[PDB]
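Naming convention: chains lettered A, B, ... in sequence-line order (proteins, then strands); numbering from 1 in each chain. FYI, side chains are in, hydrogens and waters are out, and symmetry mates aren't considered; it's all heavy atoms of this structure. Just follow the structure's listing: the first ligand is 1, and inside any ligand the first atom is 1.
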There are 2 protein chains.
Amino acid sequence: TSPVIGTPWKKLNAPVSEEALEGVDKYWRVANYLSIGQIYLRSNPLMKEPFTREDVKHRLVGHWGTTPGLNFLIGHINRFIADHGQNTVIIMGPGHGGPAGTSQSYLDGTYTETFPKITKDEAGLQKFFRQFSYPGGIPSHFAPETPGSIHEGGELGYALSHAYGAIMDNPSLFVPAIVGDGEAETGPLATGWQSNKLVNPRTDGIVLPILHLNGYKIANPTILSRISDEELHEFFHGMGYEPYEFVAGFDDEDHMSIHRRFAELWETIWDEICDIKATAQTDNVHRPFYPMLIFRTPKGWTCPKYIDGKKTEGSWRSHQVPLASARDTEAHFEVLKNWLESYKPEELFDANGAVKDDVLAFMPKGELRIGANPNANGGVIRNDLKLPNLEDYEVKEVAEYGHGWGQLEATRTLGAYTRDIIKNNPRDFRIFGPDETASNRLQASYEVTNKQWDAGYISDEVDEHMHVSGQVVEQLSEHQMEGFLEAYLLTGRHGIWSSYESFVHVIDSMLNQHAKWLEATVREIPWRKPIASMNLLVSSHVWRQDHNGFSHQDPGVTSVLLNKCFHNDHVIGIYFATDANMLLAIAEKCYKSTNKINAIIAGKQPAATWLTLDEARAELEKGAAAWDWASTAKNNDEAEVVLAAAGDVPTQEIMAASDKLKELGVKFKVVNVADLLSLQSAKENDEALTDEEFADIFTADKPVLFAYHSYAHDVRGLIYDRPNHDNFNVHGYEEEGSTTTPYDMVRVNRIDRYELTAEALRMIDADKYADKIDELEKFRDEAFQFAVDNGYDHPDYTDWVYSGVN
Amino acid sequence: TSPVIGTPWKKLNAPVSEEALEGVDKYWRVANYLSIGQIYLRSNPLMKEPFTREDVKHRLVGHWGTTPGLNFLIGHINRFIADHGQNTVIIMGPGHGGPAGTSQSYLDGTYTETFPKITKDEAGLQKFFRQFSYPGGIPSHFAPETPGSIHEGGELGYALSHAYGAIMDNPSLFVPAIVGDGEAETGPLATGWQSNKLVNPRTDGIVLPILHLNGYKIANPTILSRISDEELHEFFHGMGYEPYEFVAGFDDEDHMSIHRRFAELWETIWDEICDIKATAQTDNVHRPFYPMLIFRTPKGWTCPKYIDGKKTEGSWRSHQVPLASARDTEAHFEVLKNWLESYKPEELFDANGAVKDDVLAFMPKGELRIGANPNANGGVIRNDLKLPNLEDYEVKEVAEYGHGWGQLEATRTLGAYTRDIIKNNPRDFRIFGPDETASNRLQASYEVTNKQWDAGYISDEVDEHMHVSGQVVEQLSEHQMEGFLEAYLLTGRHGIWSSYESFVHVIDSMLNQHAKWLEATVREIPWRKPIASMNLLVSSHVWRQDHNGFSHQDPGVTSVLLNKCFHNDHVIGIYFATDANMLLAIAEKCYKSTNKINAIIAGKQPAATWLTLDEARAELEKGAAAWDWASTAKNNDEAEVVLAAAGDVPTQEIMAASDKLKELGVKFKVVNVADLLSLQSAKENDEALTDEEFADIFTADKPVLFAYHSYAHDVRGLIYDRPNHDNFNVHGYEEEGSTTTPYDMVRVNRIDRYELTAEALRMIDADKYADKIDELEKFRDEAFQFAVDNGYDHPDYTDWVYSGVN
Ligand SMILES: Cc1ncc(C[n+]2csc(CCOP(=O)(O)OP(=O)(O)O)c2C)c(N)n1
Ligand SMILES: Cc1ncc(C[n+]2csc(CCOP(=O)(O)OP(=O)(O)O)c2C)c(N)n1
Ligand SMILES: [Mg+2]
Ligand SMILES: [Mg+2]
């Protein structure tokens, strides 16, 4: 559960003290000095003479155009957290301002705790300076290695979705979400503005969006900064916000004056937020206007105004590095030396090199710190889900009526299971879906919870299962759902989210980024505890898009997921639910797991059930298993072909083809691969099937016919070094489809039962079976003409039931 | 179910024709002429010469100060109903404007249909004129004998509650509720203004309040007319209305100019109403501002301006009768003759005396007429409730563990029964309660319906079971609830309403009025079909008001109900539920009944159960029955006393006293009277117990001890001519109570078990039982001192269970 920390939502009821703002100004100066020492210096952190070009880095990498503004906001937020005792997580949208975050971690004392070799003295300062963006050092962005970070910020557009996710079901947590003005042009964040219509001020926390409007992107100005102030305020008010505006640094006003003005503006905003929270305890049915801060400052605000006669401060020329070579001229080194001395570090550091005590007296202590906040490290919060007994949801008719029974929909079983998980776990488990929960048949959870909706209600003929609080969030944006769930998991909670297969590509970037958060975490960051897994139910898949057609058919999610399987990280799982029982086993395993991205590919269509629960779990631990009840060959020597399958429709076609093969006396084996990554190379993947086990499943000399859900490229690229891999003949999706009957969909991809039987016959003896092969091939065309003439699939195809049903 | 009539909520989308307003003016003139002929004329309706004082009534009775304004509004509403085809019921708040209603019934043709002897010619006009307020004629007010009337209007303050009741669950019905400005000063109607917060524009109809602000009461001006127009509009807007205002007749403007102006204003109001209705089909969660019309006119608007030098028109002098004696002077007769000729009746009537055809061409036809509308005669709409099987709700533990078992609450059984009646009958059965449904334990109906509430919603920690539509209405006003239910029944629907016993007095007037609507209906009005019964669950009665005390104890409802039992009308039923099974039988009988007021007095406290369902019904058909299982005497000769009871606490005390009497060998009988009115005189009440049956129940010579719920006066006034009535010793409530333990409440009223045993012993032998009587009397005082010392009742009293429990 999310803990209550400090004294949440308290008003100051006093002026901001002068001593605190003294401390805030000194903090800002020292944070800018650290952020510059990290970029430019490799030695001599405190500029003991001789300070020469020997002390400067050979290759200057990093960013400065956002760092002083971030340091300003972070120092003021630190004063605020010390004063109010607020439970606060900062989300840094422009993550390229990494030196700001590392300077915070260093100054609040958490960096030395996490990394003991970076001491708080001259040698520790030298190591801290050298390690930024260095061989064998720390990254340039706001990284998982950086304490106090739940968001990398490298790939832009997801500060707001992550903020609204982090506050969900989390009522005491305050999140200032700093948003770059260039990042605000990206598609994800524009729609992430509208997510205050999906949170409740009573049951969820408060997100304060700080638009960091410094006017410029890389080498280009931002649209928001160059439209009129009337337009900007009107725009933010049309999205349910009260815009506040702060402008600074565009004239010669004293810094103390700027800090004072910001103190007053910040406390005004905090009082509006506290009023909203206090009102929500009585009335939470009508939405408030949350304050949001527009923070207009010059880009690179403390750097030299002009360098080489080019406007540097207040321009895009300060984005990455002013003084691109302070190492190769004497004039640029003098500019750099003057820039470092303009902060007066001589008074901010003591003799031994530690930041002076009066510079950090205004700082929060203990669990209130940014790097120490448990919501930033959501693995220490996390507790296991309390799971219902799986045998309660098993489809038992397979156990007595025989394999292949029924016309059930696989995802309804997961719906019931997830409903009871929600029942056992309220306020820790949440279901997201881009308008598609009821189309993936996960609506059984409406028996115990509602869709959280905080826009207007109009009627009850149209607004069923909607409520101002709920455990089902549903907005038509995959970016929103994925950011919500990722921030939900990163804070310590659990969740599933469902989607159409073809639109998972919309978040290929986001998944990639999350994999990079996991790949980095499992490799080099032990102090970050495991978080829950990102569970993605992929349904309404390529083979059954009757209503939509070719635009909704693209199973390429498997390919993008296969690219993140390296160095024994195991941060990826791709599971194929052949039926409801296998889906139960997969979902149980996935809900128990940690630090992974689990894509469970299950169909919503009426499909037969093949396994019992014990059989399903037994197939699960191996990933691939032989179906002894479907095989006609007792041992590996007898079979004239191995028929392997991965996916519900490929499984159905393999089984129907096996029925026809039985009538011709063909001895074959039947294999089902539930988990794709078990087929990976044994030396590469230590949890994949060993080579002996793989050869036992697939006969070394005998041909293997493989029917696969996605593109066959993904199977062939995975088994390349496996034994008997030359004989594998993968049949997968082949970018051929439309709106048409279900048999046609598999016909045009050469994955129907007739084509599979003909493929197996050709693997054995093309000459002996020539007449039967011809008969099958002309039957495919007759059965297509049947669907054209009559509008539905052939009775031979529709009515087929496996021979193993009693 | 409420029928859909005509084409509801249709906009005209055209100007009001000139021909229609020609007709409206001619209608208004002829309606005023009829309303004056009724008051003043007994002969010569069309003033054929010689028109002399012979033609005038000897005793002029009736009212005129509201009649021409009512005729104006009714003629315009008639034009509106003809044009739009609206389902409309008019509620006439100032019911003393009876000639207006009878003139309408006469002019739209329904009066001749209902009363064939009032033809539409000269003789019929003469009879119509003479019969108003005459010996052997029709009443002065807007009476049940008057077609098109659901509201008498004699006793003021309930036009608005009746309107909002008539539109409930009735979505196509339009109700213009005409409200007198003096009547608006009464307490009931002031709170009946606020009832637009309890109706839904989608599921309920539309009430248009027309404030008939003619400035004067009887001999006094009204508060609303003499406050500023700003105040009046501000007041009506603070109650959720849009005030429209029409002013007429206060200058020399032409009548047509007034009819035209009213046509535009009326169509504007209708368009706002139609907009509200169309919006409600999409959004019904947010309350609209319903239009209401302020209709400022001079009182007695077409009468002579001055009579005897006194301002008559536009004054309170025109309330009842200008020209109080047009029979006793020649000058007043000339004033009357000029008044009648000012309407030019010579052109409004043909030779034979019928109203000319062009005067009524604009009139509605068929079912759309006011007197023909089925919602005015709610007995033709009515259908029986579909009732669940009673045996499903029986308390079966009495059948096997023995009589006297348990500590159940009686009203929870009725709650479950009513819940299933609601389930079987949605939109035809409704539960009302003055904030007291959950305190009478009728909340089992929240399993199938909600409280209808259309004010604001704030949270869900406080707003459970509330919804913009529902079958439970609940406002803290007994007037509101009773008017809602009475208009609900008068329109054809069914309902229960619950209340504390002591506050039923708040509606003694209203009940009286409804009884007068029923007494008149069952005697002389056959064409009015039976309506459902007014069912009043009286709970939280006098004997168990622990929290409240003396202010909440007044059982005087029985007395006011007994005053309406005359002439074999049977419009009253008073039932005492001794336990849950008897309550089931009573409620089943009451829900089946028609044209009655059924007061069911049941306790909400934990009380023992004495009867099985079959026994309860067997006691029910007789009203009084002997308990053979509790009697120690086999025949009427053996018993030395008869112990009779009526009420759950009196029943408990009789049974506990019978237990003590058994230990002393006393032979007694036990009688329970479920229905009070069976004890009435046989010759007076043909459905009461005959004299032989009464003597069989109560032994002729043997003393009878009667324990009664209410004041003993009510029992003694009922059995006065019955045999053995001299020996009856009634023990009832005696205005002695407080906040104290339950035994104390019956102690201070001489109705406890010890005092009852002593009473019975004194009836037999005071001398023989002197020691035992003394012991009982001092035990009462010891058991009171026990409660004073320890705070709860004696173990001898609390723990007592009947000896018949196995
Ligand atoms: C989607 C995406 N496109 C491009 C980039 C490359 N990039 C890195 S930083 C940056 C500019 C930062 O813009 P802004 O939000 O205005 O930041 P600031 O002014 O704080 O530097 C860009 C385009 C990116 N990170 N993500
Ligand atoms: C509660 C109540 N008190 C007193 C009366 C006696 N009464 C009969 S008519 C009347 C005056 C009518 O007043 P208002 O509503 O202004 O009627 P209008 O101006 O239409 O005559 C009164 C007081 C009554 N009917 N009801
Ligand atoms: Mg920018
Ligand atoms: Mg008046």
* Asked: For the Mg ion (ligand 3), does an N/O/S atom of A:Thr66 lie at less than 2.8 Å?
  -> no
Do [X] side-chain atoms and [Y] backbone N/O form a donor-acceptor pair below 3.5 Å?
{"X": "A:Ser318", "Y": "A:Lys299", "answer": "yes"}
{"X": "A:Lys311", "Y": "A:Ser315", "answer": "no"}
{"X": "A:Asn196", "Y": "A:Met239", "answer": "yes"}
{"X": "A:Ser477", "Y": "A:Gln480", "answer": "yes"}
{"X": "A:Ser149", "Y": "A:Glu145", "answer": "no"}
{"X": "B:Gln104", "Y": "B:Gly101", "answer": "no"}

* Asked: Checking only N/O/S atoms, does B:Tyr216 have one that is under 2.8 Å from the Mg ion (ligand 4)?
  ->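 Yes - counting backbone and side chain alike, B:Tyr216 has an N, O or S atom under 2.8 Å.
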Would you mind checking which non-hydrogen protein atom is closest to [atom], with the distance to 0.1 Å?
{"atom": "atom 7 (N) of ligand 1", "value": "A:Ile218 CD1, 3.9 Å"}
{"atom": "atom 13 (O) of ligand 1", "value": "A:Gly182 CA, 4.0 Å"}
{"atom": "atom 2 (C) of ligand 1", "value": "A:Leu156 N, 4.1 Å"}
{"atom": "atom 12 (C) of ligand 1", "value": "A:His96 CE1, 3.4 Å"}

* Nearest protein heavy atom under 4.0 Å from atom 4 (C) of ligand 1, yes or no ->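 Protein heavy atom within 4.0 Å of atom 4 (C) of ligand 1: absent.
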* **Verify atom 22 (C) of ligand 1: protein non-hydrogen atom under 4.0 angstrom away** => yes
Check [X] against ligand 1 and report side chain, backbone, both or neither, counting heavy atoms closer than 4.0 Å.
{"X": "A:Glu183", "answer": "both"}
{"X": "A:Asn214", "answer": "side chain"}
{"X": "A:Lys299", "answer": "side chain"}

* Asked: Hey, is A:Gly154 one of the residues with a heavy atom under 4.0 angstrom from ligand 1?
  -> yes
Is the closest N or O pair between [X] and ligand 1 shorter than 3.5 Å?
{"X": "A:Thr222", "answer": "no"}
{"X": "A:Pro94", "answer": "no"}
{"X": "A:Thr186", "answer": "no"}

* Report, in ascending order of atom number, the atoms of ligand 1 lying under 4.0 Å from any heavy atom of A:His212. =>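 By the 4.0 Å cutoff, the relevant atoms are 20 (O).
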* Which atom pair, heavy atoms only, marks the closest approach of B:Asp181 to B:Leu211? ->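 Looking at all heavy atoms of both residues, the shortest contact is CA-CD1, 4.0 Å.
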* For A:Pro298 and A:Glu313, which heavy atoms make the closest approach, and how far apart are they? ->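 Shortest heavy-atom contact: CG-OE2, 3.8 Å.
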* **ring pair (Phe, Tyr, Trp, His ring centres under 6.0 Å), paired with A:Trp64, selected from A:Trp316, A:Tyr40, A:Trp339** =>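 Testing each of A:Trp316, A:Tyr40, A:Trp339 against A:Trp64, the sole residue satisfying ring pair (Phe, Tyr, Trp, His ring centres under 6.0 Å) is A:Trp339.
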* To do: Apply the ring pair (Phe, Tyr, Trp, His ring centres under 6.0 Å) test between A:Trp28 and each candidate in A:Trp301, A:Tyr343, A:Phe262, A:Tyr33; give the one that qualifies.
  =>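 Of all the options given, the one that passes is A:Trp301.
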* Any donor-acceptor N or O pair under 3.5 Å, side chains A:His76, A:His259 -> yes
* Would you give the angle at the Mg ion (ligand 3) between A:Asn214 atom OD1 and A:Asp181 atom OD1, to the nearest 10°? => 110°
